[PDB]
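One structure is given here, and the rest of the page talks about it.
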There are 2 protein chains.
Amino acid sequence: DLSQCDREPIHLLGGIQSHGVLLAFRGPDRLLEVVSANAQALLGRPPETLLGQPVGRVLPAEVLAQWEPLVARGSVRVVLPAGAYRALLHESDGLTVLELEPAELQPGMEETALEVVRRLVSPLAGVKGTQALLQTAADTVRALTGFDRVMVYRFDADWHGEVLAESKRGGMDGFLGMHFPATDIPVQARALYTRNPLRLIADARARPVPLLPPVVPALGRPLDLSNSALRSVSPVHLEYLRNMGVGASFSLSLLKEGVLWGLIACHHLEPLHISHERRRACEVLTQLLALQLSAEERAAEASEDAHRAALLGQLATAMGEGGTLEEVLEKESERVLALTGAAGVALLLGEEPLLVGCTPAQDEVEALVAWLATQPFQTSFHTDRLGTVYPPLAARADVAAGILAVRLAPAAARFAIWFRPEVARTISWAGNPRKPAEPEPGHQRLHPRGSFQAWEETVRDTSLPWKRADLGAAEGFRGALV
Amino acid sequence: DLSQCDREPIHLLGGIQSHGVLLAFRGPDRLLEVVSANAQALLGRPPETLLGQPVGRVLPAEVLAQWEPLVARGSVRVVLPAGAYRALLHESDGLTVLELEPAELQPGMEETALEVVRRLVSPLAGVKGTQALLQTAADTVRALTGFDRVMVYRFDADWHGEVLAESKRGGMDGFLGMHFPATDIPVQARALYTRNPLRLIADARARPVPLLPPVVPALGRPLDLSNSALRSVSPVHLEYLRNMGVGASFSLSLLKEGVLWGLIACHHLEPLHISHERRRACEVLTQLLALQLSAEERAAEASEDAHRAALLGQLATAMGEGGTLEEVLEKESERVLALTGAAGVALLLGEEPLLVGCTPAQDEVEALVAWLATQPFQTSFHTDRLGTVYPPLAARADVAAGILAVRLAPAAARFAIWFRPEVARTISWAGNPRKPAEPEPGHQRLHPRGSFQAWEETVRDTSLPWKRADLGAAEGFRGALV
Ligand SMILES: *C/C=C1/C(=C/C2=NC(=C\c3[nH]c(/C=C4\NC(=O)C(C=C)=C4C)c(C)c3CCC(=O)O)/C(CCC(=O)O)=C2C)NC(=O)[C@H]1C
Ligand SMILES: *C/C=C1/C(=C/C2=NC(=C\c3[nH]c(/C=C4\NC(=O)C(C=C)=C4C)c(C)c3CCC(=O)O)/C(CCC(=O)O)=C2C)NC(=O)[C@H]1C
């Protein structure tokens, strides 16, 4: 439900962070059209007086000197009186945007970064778990940035999240294991972080620096800061950080195969600036983890299919040895249930239902048997909470919280149905998820919740979720019984 | 093993390359036990005068100054009158081995390597092929190293190889597409390159520097140089390099899930030395490429399986519909042959064989059947050159160069046999593959071939290979035939 939270235009807030300067230029004279109000502390003159002036009248030589590789490459290091700065160039709203922030100061940064890239490639990671892969990614991002807490955050299908892994200094509270509402990161934020994979919040208590003028005159709204490294973030999120007791924040999008899988989120208790070059070095790490997860995930999935296929094949064999449907199905009980990781299975071969392992009563199966016919599924149907869809069996969570059903005939209702019991799960939410925000009276002013202490909830009446291999295995069993 | 080529103990040749110095110390007094004969060029005095001295009294002060971190990290930079050097430690034959080698002179090396690691780890790699991956891998190694010609070299199953990709500077001889005898890299070299994944030959024309004494006194043979970065290589190979017109060579092992998959092989026309840290940066790229390849390959196999499972799912639906068996093995003719990418199929389900598509005559199929029933196979059998093993069909490469057979019953002869035609292939070898070496009369001194000019051969009478997904699909078909 697109509430207040999803409707704040976080690319049109018109402010930048105080540690950098932003200038925007228009046209072939490159006339200054927008400038951050703090620009005097790097240009020498009041920002108000530079609007409408050509880039050659406005920038210092050291910068202009490096315009071509800047335009070609996006960023260059320039040494100005105030010190070493990184200059970043992009295009937005038909303007050339130039940002300046302090440059990396450690000469051996790239050398350290190459070493941790090795830890994260290595012969084989994931060796004792994809778990171990996440922990190393957290550990190495924490090594390269120096943040007090680094966490790997995975989105669930409903866009709520949980901290799978976490590397942090001794003496820091943690969030390992906890789940967070989907509204902690609303729709338009997720969309932006799909496009802009990096964001640094250098000081969560600093006031944002405004742009001048406050609109782009051509457009009647603020400059689009979607791709600004200096963009100041939603004030609601600043409040969220300060309620966590967080003084600086850095997060990196984990894009797996083009989709937003999760984040690596970093917290620091005191303000902290990370250089652009160091941020891009961390981003190489996150692209690395994303690749290691894909290769391991696909290996896991091929090994699972292998196991299922061996079962179908041993089944196949058994049938070729004595015309004995019920006979062999009863003899190969483990295999038929193992096919899909099930605890029971009804085989509707026409006459009576044949019930193997742990199932609902004969009456009750016929009841969902009849109900299954009038359903809009083609050849297979599956659910991990039968009760939420067919309450005649809502009380049988003990044997049928989940079913996987394949249709063995066109017209007619001949099926094999696998059953799963519920599996109770205790999840710990970081604060009470029924009160994920605090709106003011009148529900125009929204605020973050004030507490992130564990709030425990137990999930009932849902099975283990049917995996792609379960489905494939069911399709193959259907091919063999036709 | 076979040739004299496999016999040469290449880790026991007792020589190092002239750009570095090797020292080996024994026991608690760190007494110098083995030293390269050029050691004076770095330590002022006659090496022979140094055997038996404690490390503290042989090594220059500058190296000693760094002793603690060297043994710790195993590598360190030291500034000596002669220039900056990388000091490397490892253990061999119970000695501590110290190697000295000119250090990297460009301070921006690591920044550069991080840039090329981006190009290769980036989102959307291979997104115009694994071919594009290899091309990118060669291009990035060539840029990082400066070598004239960089090639990606893949081992076939018989351990001969072919250049799959190549990045070289304008107007340079190439080898793209050519095949090289397995003996070009004999067995003990392949073994050594699986555990020591980097090798540099700085000057293909230089004489090796001997070690003193020529044996380890305790062992009566020379110091094991398996792990030496300075190891001078087999003389037959140096002769092979010079016959190629190559003055410097550097290659890296490509390990993919533990096995030796290929090499990245670089040639320079003149001598050239890459620093150790620059070679370790290149090693990061090859580990990257191997990761990229596993993920792309396991994705390709998943997509293949899904296409086959879709075919089986459509066959399953044509069954349980109208008619007999031969009455759906008839429109699904197309599907039945597509299961395994085949041009024909014979079905022995009881009566006479049922022949679908491009098959050999019924009498020939009957005789093949009779023959297959006596071979030693459980469920499936396959070959891509039927003729070598069953010469009654050696003449029929037009329809039956390859076969794939599943048993549809136990002690019975019920089969499904899929057929492929031959696919002619034009291999171009780098020189005459019938003369891969030139021995001297008496067969005690071998030399490499003199020529690498293209040498054509056409492989006849072999089908396209039966891949994993064909085999899985066949097993799937057998499960539906019961
Ligand atoms: C009413 C709307 C709400 C809201 C808005 C909001 N949050 C934003 C950014 C953001 N949230 C998170 C959440 C987390 N940070 C953590 O460490 C954890 C758990 C470990 C979670 C769940 C993150 C990581 C970010 C990114 C910024 C950062 O610190 O890394 C934004 C976008 C901010 C922007 O302008 O870019 C918005 C609009 N948060 C709420 O809780 C409610 C009230
Ligand atoms: C009778 C033995 C023979 C022999 C021995 C041999 N070769 C060795 C190393 C080596 N060979 C190759 C081959 C290639 N180089 C290329 O560029 C291509 C293709 C374009 C090929 C096929 C390589 C790459 C290497 C590794 C060293 C390198 O140059 O990168 C060795 C081991 C050398 C060592 O001591 O490490 C041996 C013993 N080669 C023959 O041709 C026959 C005569």
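In the structure tokens, the first chain shown is A, the next is B, and so on; residue numbers restart at 1 for each chain, and ligands run from 1 in the order shown.
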
Hey, which residues sit close to ligand 1? Say within 6 Å, counting only C-alpha atoms and all ligand atoms, and write them as a CSV table (one decimal) with N, CA, C and O atoms, in the first residue's frame.
```
chain,number,residue,atom,x,y,z
A,5,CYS,N,5.2,6.8,2.9
A,5,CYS,CA,6.6,6.5,2.9
A,5,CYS,C,7.2,6.3,1.5
A,5,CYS,O,8.3,6.7,1.2
A,10,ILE,N,12.9,11.4,-3.2
A,10,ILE,CA,14.2,11.5,-2.6
A,10,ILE,C,15.3,11.9,-3.6
A,10,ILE,O,16.4,12.2,-3.2
A,180,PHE,N,13.6,-7.0,9.3
A,180,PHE,CA,13.2,-5.6,9.3
A,180,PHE,C,12.1,-5.4,8.3
A,180,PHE,O,12.0,-6.0,7.2
A,183,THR,N,9.1,-1.5,4.9
A,183,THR,CA,9.0,0.0,4.8
A,183,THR,C,10.3,0.7,5.3
A,183,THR,O,10.4,1.9,5.2
A,184,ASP,N,11.2,0.0,6.0
A,184,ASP,CA,12.5,0.6,6.3
A,184,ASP,C,13.2,1.0,5.1
A,184,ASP,O,14.1,1.9,5.1
A,185,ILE,N,12.9,0.5,3.9
A,185,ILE,CA,13.5,0.8,2.6
A,185,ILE,C,12.4,0.9,1.6
A,185,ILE,O,12.1,-0.1,0.9
A,186,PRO,N,11.7,2.0,1.5
A,186,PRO,CA,10.4,2.0,0.6
A,186,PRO,C,10.7,1.9,-0.8
A,186,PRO,O,11.9,1.9,-1.3
A,189,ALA,N,13.1,4.2,-2.9
A,189,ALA,CA,14.5,3.9,-2.5
A,189,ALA,C,15.0,2.7,-3.2
A,189,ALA,O,16.1,2.7,-3.8
A,233,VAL,N,20.1,12.8,2.0
A,233,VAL,CA,19.1,11.7,1.9
A,233,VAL,C,17.8,12.2,2.6
A,233,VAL,O,17.8,13.2,3.3
A,234,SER,N,16.7,11.4,2.4
A,234,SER,CA,15.5,11.7,3.1
A,234,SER,C,15.7,12.0,4.6
A,234,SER,O,16.4,11.4,5.3
A,236,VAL,N,13.6,11.6,6.9
A,236,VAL,CA,13.1,10.5,7.7
A,236,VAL,C,14.1,9.4,7.9
A,236,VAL,O,14.2,8.8,9.0
A,237,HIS,N,15.0,9.2,7.0
A,237,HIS,CA,16.0,8.2,7.1
A,237,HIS,C,17.1,8.7,8.1
A,237,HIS,O,17.6,7.9,8.9
A,240,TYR,N,15.9,7.9,11.3
A,240,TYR,CA,16.1,6.5,11.6
A,240,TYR,C,17.5,6.2,12.0
A,240,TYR,O,17.7,5.5,13.0
A,249,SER,N,26.9,6.3,7.7
A,249,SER,CA,26.3,5.1,7.1
A,249,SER,C,26.7,5.0,5.6
A,249,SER,O,26.8,6.0,4.9
A,250,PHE,N,27.1,3.8,5.2
A,250,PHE,CA,27.5,3.5,3.9
A,250,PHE,C,26.9,2.1,3.5
A,250,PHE,O,27.0,1.2,4.2
A,251,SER,N,26.2,2.1,2.3
A,251,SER,CA,25.6,0.8,1.9
A,251,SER,C,25.8,0.6,0.4
A,251,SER,O,25.9,1.6,-0.4
A,265,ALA,N,25.3,-3.2,4.3
A,265,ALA,CA,25.1,-1.9,5.0
A,265,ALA,C,26.1,-1.8,6.1
A,265,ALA,O,26.4,-2.7,6.8
A,437,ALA,N,6.2,2.6,12.1
A,437,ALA,CA,6.4,4.0,12.0
A,437,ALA,C,5.7,4.6,13.1
A,437,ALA,O,4.9,4.0,13.8
A,446,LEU,N,5.4,11.7,9.5
A,446,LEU,CA,5.8,10.4,9.8
A,446,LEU,C,7.2,10.4,10.5
A,446,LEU,O,8.0,11.3,10.3
A,447,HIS,N,7.4,9.4,11.3
A,447,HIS,CA,8.6,9.2,12.0
A,447,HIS,C,9.0,7.8,12.1
A,447,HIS,O,8.1,6.9,11.9
A,448,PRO,N,10.3,7.5,12.2
A,448,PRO,CA,10.7,6.1,12.4
A,448,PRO,C,10.3,5.6,13.8
A,448,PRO,O,10.0,6.4,14.8
```

request  = Check the DSSP output for the backbone and give back, as a PyMOL selection string, the residues of region 93-189 of chain B in helix (DSSP H, G or I).
outcome  = chain B and resi 109-121+130-145+182-184+187-189

Would you mind exporting the chosen residues as a short mmCIF file (atom, residue, chain, number, x, y, z; two decimals), in the first residue's frame, restricted to N, CA, C and O atoms?
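Saved the output as again_6.cif:
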```cif
data_model
loop_
_atom_site.label_atom_id
_atom_site.label_comp_id
_atom_site.auth_asym_id
_atom_site.auth_seq_id
_atom_site.Cartn_x
_atom_site.Cartn_y
_atom_site.Cartn_z
N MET B 109 50.77 0.76 -10.30
CA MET B 109 50.44 -0.57 -10.79
C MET B 109 49.10 -1.05 -10.24
O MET B 109 48.20 -1.39 -11.00
N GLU B 110 48.96 -1.07 -8.91
CA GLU B 110 47.79 -1.69 -8.28
C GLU B 110 46.50 -0.97 -8.63
O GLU B 110 45.46 -1.60 -8.83
N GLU B 111 46.54 0.36 -8.71
CA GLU B 111 45.38 1.09 -9.21
C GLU B 111 45.01 0.63 -10.61
O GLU B 111 43.83 0.38 -10.90
N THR B 112 46.00 0.49 -11.49
CA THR B 112 45.73 0.00 -12.83
C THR B 112 45.09 -1.39 -12.80
O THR B 112 44.11 -1.64 -13.51
N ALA B 113 45.63 -2.30 -12.00
CA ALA B 113 45.08 -3.66 -11.95
C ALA B 113 43.64 -3.64 -11.45
O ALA B 113 42.81 -4.43 -11.90
N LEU B 114 43.33 -2.76 -10.50
CA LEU B 114 41.96 -2.69 -10.00
C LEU B 114 41.00 -2.23 -11.09
O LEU B 114 39.86 -2.70 -11.15
N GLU B 115 41.46 -1.36 -11.99
CA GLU B 115 40.64 -0.94 -13.12
C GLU B 115 40.32 -2.11 -14.05
O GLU B 115 39.17 -2.26 -14.49
N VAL B 116 41.32 -2.95 -14.34
CA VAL B 116 41.06 -4.06 -15.26
C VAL B 116 40.29 -5.18 -14.58
O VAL B 116 39.56 -5.92 -15.24
N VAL B 117 40.43 -5.33 -13.26
CA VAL B 117 39.56 -6.26 -12.53
C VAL B 117 38.09 -5.84 -12.63
O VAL B 117 37.20 -6.69 -12.57
N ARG B 118 37.82 -4.53 -12.77
CA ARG B 118 36.44 -4.08 -12.97
C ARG B 118 35.87 -4.57 -14.29
O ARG B 118 34.78 -5.13 -14.33
N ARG B 119 36.62 -4.35 -15.39
CA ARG B 119 36.13 -4.75 -16.70
C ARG B 119 35.72 -6.21 -16.74
O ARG B 119 34.81 -6.59 -17.48
N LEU B 120 36.39 -7.05 -15.97
CA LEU B 120 36.22 -8.48 -16.08
C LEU B 120 35.27 -9.06 -15.05
O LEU B 120 34.66 -10.11 -15.31
N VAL B 121 35.13 -8.41 -13.89
CA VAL B 121 34.17 -8.85 -12.88
C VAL B 121 32.82 -8.15 -13.02
O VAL B 121 31.95 -8.34 -12.17
N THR B 130 30.72 -16.63 -23.81
CA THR B 130 31.99 -16.96 -23.17
C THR B 130 33.16 -16.60 -24.08
O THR B 130 34.22 -16.18 -23.61
N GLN B 131 32.96 -16.70 -25.39
CA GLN B 131 33.95 -16.14 -26.30
C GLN B 131 34.30 -14.71 -25.92
O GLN B 131 35.48 -14.33 -25.87
N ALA B 132 33.30 -13.88 -25.66
CA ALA B 132 33.61 -12.52 -25.27
C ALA B 132 34.36 -12.47 -23.94
O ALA B 132 35.15 -11.55 -23.71
N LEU B 133 34.10 -13.43 -23.05
CA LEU B 133 34.83 -13.46 -21.79
C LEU B 133 36.31 -13.67 -22.03
O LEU B 133 37.15 -12.95 -21.47
N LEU B 134 36.65 -14.68 -22.84
CA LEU B 134 38.04 -15.03 -23.09
C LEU B 134 38.76 -13.88 -23.76
O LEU B 134 39.89 -13.54 -23.41
N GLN B 135 38.11 -13.27 -24.75
CA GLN B 135 38.66 -12.12 -25.44
C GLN B 135 38.97 -11.00 -24.47
O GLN B 135 40.04 -10.37 -24.55
N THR B 136 38.05 -10.73 -23.54
CA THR B 136 38.26 -9.72 -22.50
C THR B 136 39.38 -10.13 -21.56
O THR B 136 40.16 -9.28 -21.11
N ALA B 137 39.49 -11.43 -21.26
CA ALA B 137 40.55 -11.89 -20.39
C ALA B 137 41.92 -11.69 -21.04
O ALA B 137 42.85 -11.18 -20.41
N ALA B 138 42.05 -12.07 -22.31
CA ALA B 138 43.32 -11.85 -23.01
C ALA B 138 43.66 -10.37 -23.11
O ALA B 138 44.78 -9.96 -22.81
N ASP B 139 42.69 -9.55 -23.57
CA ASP B 139 42.92 -8.11 -23.68
C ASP B 139 43.37 -7.50 -22.36
O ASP B 139 44.27 -6.66 -22.33
N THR B 140 42.75 -7.90 -21.25
CA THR B 140 43.13 -7.29 -19.98
C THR B 140 44.49 -7.79 -19.48
O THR B 140 45.26 -7.01 -18.91
N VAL B 141 44.82 -9.06 -19.69
CA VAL B 141 46.16 -9.50 -19.31
C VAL B 141 47.21 -8.81 -20.17
O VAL B 141 48.25 -8.36 -19.68
N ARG B 142 46.94 -8.69 -21.47
CA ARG B 142 47.90 -8.05 -22.36
C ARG B 142 48.15 -6.60 -21.95
O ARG B 142 49.30 -6.13 -21.97
N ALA B 143 47.09 -5.87 -21.58
CA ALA B 143 47.24 -4.48 -21.14
C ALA B 143 48.05 -4.41 -19.85
O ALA B 143 48.98 -3.60 -19.74
N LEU B 144 47.70 -5.24 -18.86
CA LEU B 144 48.38 -5.20 -17.57
C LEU B 144 49.84 -5.61 -17.67
O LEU B 144 50.67 -5.13 -16.88
N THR B 145 50.20 -6.46 -18.63
CA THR B 145 51.56 -7.00 -18.71
C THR B 145 52.43 -6.33 -19.77
O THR B 145 53.65 -6.31 -19.63
N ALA B 182 49.69 -32.64 -27.51
CA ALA B 182 49.74 -32.78 -26.07
C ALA B 182 51.16 -32.76 -25.55
O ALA B 182 51.42 -32.24 -24.45
N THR B 183 52.10 -33.32 -26.32
CA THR B 183 53.50 -33.37 -25.91
C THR B 183 54.15 -32.00 -25.87
O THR B 183 55.25 -31.87 -25.32
N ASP B 184 53.51 -30.98 -26.44
CA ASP B 184 54.05 -29.63 -26.28
C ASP B 184 54.10 -29.24 -24.80
O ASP B 184 54.93 -28.43 -24.40
N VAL B 187 53.63 -34.50 -19.30
CA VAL B 187 52.79 -34.79 -18.14
C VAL B 187 53.34 -34.15 -16.87
O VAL B 187 52.58 -33.63 -16.05
N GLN B 188 54.66 -34.23 -16.65
CA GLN B 188 55.21 -33.68 -15.42
C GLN B 188 55.13 -32.16 -15.39
O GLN B 188 55.10 -31.57 -14.32
N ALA B 189 55.10 -31.51 -16.56
CA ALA B 189 54.84 -30.07 -16.59
C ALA B 189 53.40 -29.77 -16.19
O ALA B 189 53.13 -28.87 -15.39
#
```

query = Which is closer to residue 20 (chain B) than all the others in B:307, B:154, B:273, B:128, using only C-alpha atoms?
reply = B:273

query = Within 9 Å of region 335-350 of chain B, counting only C-alpha atoms, which residues qualify if same-chain residues fewer than 6 places away don't, as a count of residues only?
reply = 40

message = What's the separation between atom 4 (C, counted along the ligand's line) of ligand 2 and CA of residue 215 (chain B), in Å to one decimal place?
response = 24.6 Å

key: Selection: 7 Å around residue 168 (chain B), only C-alpha atoms, excl. self and same-chain fewer than 6 positions, as a list in words   = residues 148, 149 and 150 of chain B

key: Check: which chain B residues lie within 6 Å of chain A using only C-alpha atoms, as number ranges by chain   = B: 110-111, 295, 316, 320, 409, 479-480

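One distance worth recording is that between CA of residue 247 (chain B) and CA of residue 176 (chain B), which is 19.8 Å.
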
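If you look at CA of residue 385 (chain A) and CA of residue 373 (chain A), they are 18.6 Å away from each other.
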
Could you pull the residues within 8 Å of residue 232 (chain B), counting only C-alpha atoms, minus those fewer than 5 positions along the same chain, as a compact mmCIF listing (two decimals) with N, CA and C atoms, in the first residue's frame?
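Below you can see result.txt, which holds the result:
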```txt
# COMPACT_ATOMS: atom_id res chain seq x y z
N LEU B 13 66.61 -29.32 -12.11
CA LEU B 13 67.62 -28.96 -13.09
C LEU B 13 68.77 -28.15 -12.49
N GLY B 15 69.27 -24.86 -11.86
CA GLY B 15 69.63 -23.55 -12.38
C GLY B 15 68.52 -22.55 -12.17
N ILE B 16 68.92 -21.29 -12.01
CA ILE B 16 67.98 -20.19 -11.91
C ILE B 16 68.28 -19.16 -12.99
N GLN B 17 67.34 -18.25 -13.17
CA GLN B 17 67.43 -17.20 -14.17
C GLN B 17 68.30 -16.05 -13.66
N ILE B 201 59.48 -16.68 -17.96
CA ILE B 201 60.76 -16.91 -18.59
C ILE B 201 61.20 -15.57 -19.14
N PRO B 208 71.28 -20.34 -17.96
CA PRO B 208 70.94 -20.45 -16.54
C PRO B 208 72.16 -20.23 -15.65
```

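The closest residue to ligand 2, picked from B:211, B:198, B:218, B:125 and counting only C-alpha atoms and all ligand atoms, is B:198.
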
key: Expected answer as a PyMOL selection string: strand (DSSP E or B) residues in region 233-430 of chain A   = chain A and resi 248-255+260-268+344-348+353-357+380-383+402-407+415-420+425-430
